[PDB]
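Below sits a lone chain in structure tokens, taken as the form deposited in one PDB entry.
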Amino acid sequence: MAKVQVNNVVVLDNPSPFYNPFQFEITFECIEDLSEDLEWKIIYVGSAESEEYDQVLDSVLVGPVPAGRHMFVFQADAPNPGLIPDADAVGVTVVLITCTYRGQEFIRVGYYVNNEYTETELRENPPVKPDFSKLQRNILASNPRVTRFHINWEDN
């Protein structure tokens, strides 16, 4: 009953300084023809300390999505640096790729990005205020936390 099934998903550009873009290569195969537009989203974890600081950055919508395996590149800029917390900025945050269909999201890709300063010295002594310009984003694409949700693609 699925209209879209993401098969190949990889993270590119990483690892690079935090001011790099969320570059994802999303290959999803549409099993059936979409009449509604597929809303792809990057909901990034704002704080592990308080996950309510989470923020969606960019959303790629394809109205309509024809049946077939499409491979598009998802690109968003860096998350709001004011939402990333002191003690968690120097750590591992998650970048979620949720796909909204009919107001219901059927998949959430949890990519763990490990953020550590590139300056070895700053790795030694993390300052009271993290330095996002020194911070390296190692998006561990080898660890894809795939949470899929069973929803109704058919409007029943």
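Residues carry their position along the shown sequence, with the first being 1.
The form deposited with a partner chain bound is left out here; the points below concern that form.
J.: Answer for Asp54 alone: is it within 4.5 Å of the partner chain in the entry with it bound, judged on heavy atom distances?
T.: It does: once the partner chain is placed as it appears in the entry with it bound, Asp54 has a heavy atom within 4.5 Å of it.
J.: Taking heavy atoms only, is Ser133 within 4.5 angstroms of the partner chain in the entry with it bound?
T.: No, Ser133 is distant from the partner.
J.: Would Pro17 show up as a contact with the partner chain in the entry with it bound if we use heavy atoms at 4.5 Å?
T.: Because no heavy atom of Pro17 falls inside 4.5 Å of the partner chain in the entry with it bound, the answer is no.
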